[PDB]
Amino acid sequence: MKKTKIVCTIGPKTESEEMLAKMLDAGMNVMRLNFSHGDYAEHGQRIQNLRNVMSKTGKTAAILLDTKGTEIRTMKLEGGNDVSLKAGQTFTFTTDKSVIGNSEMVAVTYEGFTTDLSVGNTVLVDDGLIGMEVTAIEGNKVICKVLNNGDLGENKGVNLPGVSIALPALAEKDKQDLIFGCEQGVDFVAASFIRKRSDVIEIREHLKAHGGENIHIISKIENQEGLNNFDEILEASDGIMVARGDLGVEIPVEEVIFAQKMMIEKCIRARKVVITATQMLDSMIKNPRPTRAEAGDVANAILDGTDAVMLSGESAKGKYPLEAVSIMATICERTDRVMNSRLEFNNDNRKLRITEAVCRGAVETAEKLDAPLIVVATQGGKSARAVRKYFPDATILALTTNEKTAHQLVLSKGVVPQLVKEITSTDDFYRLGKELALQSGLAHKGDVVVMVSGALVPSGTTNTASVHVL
């Protein structure tokens, strides 16, 4: 079976209980709700449909709420008509949202546009189709010189590479959506356009105010500012979503693949989930099979070491959602099959030298004894994520009494969570883990299993490794 996990964005074609059951059969592990669209009734109904399928089938899945976030965009044009911009011309942006634009000027949604920019900065419009350079800033207007020919339409994205943008983390709509997430008991929140660590902290404080302290925050890295502040963002987050397509608008095109590899590697070292997203199998919105290029790009993200890959439009609004999940699962299985363990220590936190020494040792022992299974006891999921860091060949069966942890571990590479009533002692954990190893069908009589847990320590440390024959 595959180890890499699949996040599927759910929309009208895939929201039914029948479709969700088939999505899970095809390899879906996590349902993404994109709050860029839909009202609370639709999203609530999607949550309920998945939970009904989970209850009926006994399958497990996680729910991830994805925030709309905040960006800069152009606004309206005369008669809604495109205007042709000529390289070398003057063109002006204004913060006055009432102004209707034309070939000479257009309004933007961000009032700080004049504050954050400076003469000489470069302004990008419509996913970097049109580049301009600021030549003057006066009152509510940013005067620019156009660099390349291009056609301007309405409501196009604006990108400011090399500039810090003082946009708040959460709009009012994002705050209400987060409260909805806490009321619904979602497992993850993915935050769009995370630019700096204070953005993550301000989401964390909102969730803690509404009973979501146990919800994991996945920061979406989508622009140059987020990439520059990656290390502080990761430290403050529970995980990362690499949004390759958005990032490629703002950084040099030859850097994008190295930004992805660097972010994935740091997430693995931090024992924090990483999702690779955007431009995965987009061609399958319209086509029943993907391109060679798409399949290769996905497989290379898996070889980079991603925990999970994500479908967006392919599953939300596309014509071939089940085909997209099936082929994605096929790529996952084909690629996972040829990956090896990474038994280097990679330990940077002295406070976790014990956990890392024991978990690394447990994977090395599993591999030398051909153990098909590592059984972990976990309360918060740390021990399972600490084992996964070394990319074991063995499947990780994670036993927990914490329902939230069981759901969240669905996103971690090669982890099979199992909710259990209780574990009263180390010896009881061995007894139960051997029974459930056999019941899971992931191991059989005579197989070696390695069992990992914390003994006479509180949650957050793993200090014990034990080898059993089933």
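A residue's number is simply how far along the shown sequence it sits, counting from 1.
When 441 to 449 is weighed against 402 to 410, 441 to 449 comes out higher, by mean CA B-factor as recorded in the entry. Stretches 104 to 112 and 313 to 321 differ in mean CA B factor, with 104 to 112 having the higher one. Remark: of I331, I257, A87, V375, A87 shows the highest value [criterion: C-alpha B-factor in the PDB entry]. When the C-alpha B-factors of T291, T395, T94, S326 are read from the PDB record, the largest value belongs to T94. Compared with the other modelled residues of the chain, the Cα B-factor recorded for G361 ranks in the lowest third. Among the modelled residues of its chain, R385 has a C-alpha B-factor that falls in the lowest third according to the deposited record. Per the deposited record, the Cα B-factor of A41 falls in the highest third when ranked against the other modelled residues of its chain. Among all modelled residues in its chain, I423 ranks in the highest third by Cα B-factor. In this PDB entry, the Cα temperature factor of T70 sits in the top third of its chain's modelled residues, the highest group.
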